[PDB]
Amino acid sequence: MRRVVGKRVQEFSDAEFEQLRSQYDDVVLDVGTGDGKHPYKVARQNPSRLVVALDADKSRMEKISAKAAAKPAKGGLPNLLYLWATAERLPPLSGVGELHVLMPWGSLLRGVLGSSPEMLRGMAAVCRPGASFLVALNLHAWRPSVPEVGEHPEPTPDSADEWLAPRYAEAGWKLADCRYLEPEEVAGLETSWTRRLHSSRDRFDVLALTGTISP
């Protein structure tokens, strides 16, 4: 595992991770965390769970990871770990209890559309059976269609129940609910995307897919 703290990366062992995790009730993983504001909120609000967040781009996490590693009085949080990793090559995590993928783009977005099940299966691998998941799709990936969504139509609560659920099941994800999130609900997630989306004139910008990992 490759921990990010400010501009520093430090590899550490699975054994060290296990000792850390063993002190908490459960683990939450944010995949593609970007600037890392969301997991910082999650860790702040959930002191009894260990929050792990990763991104392919280590530079994005510099500021917040440095703050999280500081003393408590300066915004430090003991239950928050930022890692440098892609969704294609996840860290050796096991038994994650809650998985978030918020506003993905690029190969992570292609992955969560499930035309191929490999990425979904790789993410399911780090989770225990019964883990909860939230995939929050940025619908602007279809406004207009970006290269990575190919010919996929923009998903809706109904259409997702139709063509996404079967794909998720093939990959071991039980898609239980699909619904639009109000802009205020998106804002509650505390991602950097709130700012980008503030100027949107669309009714909804995000579709939330939730369920459980069921291999």
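Residue positions are given as counts along the sequence shown, with the first one as 1.
Just going by the entry, 198-206 versus 12-20 on mean CA temperature factor gives the higher value to 12-20. Checked against the record, the higher mean CA B factor of 126-134 and 72-80 lies with 72-80. Taking the PDB entry at face value, the top CA B factor among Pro183, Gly150, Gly36, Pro155 belongs to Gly150.
As recorded in the PDB entry, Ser115 shows the highest C-alpha B-factor of the residues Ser115, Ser94, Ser107, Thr86. Remark: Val52 belongs to the lowest third of its chain, ranked by C-alpha B-factor as recorded. Among all modelled residues in this chain, the alpha-carbon of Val146 has a temperature factor (C-alpha) in the lowest third.
Remark: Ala160 belongs to the highest third of its chain, ranked by C-alpha B-factor as recorded. Sort the chain's modelled residues by C-alpha temperature factor and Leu29 lands in the lowest third, per the entry.
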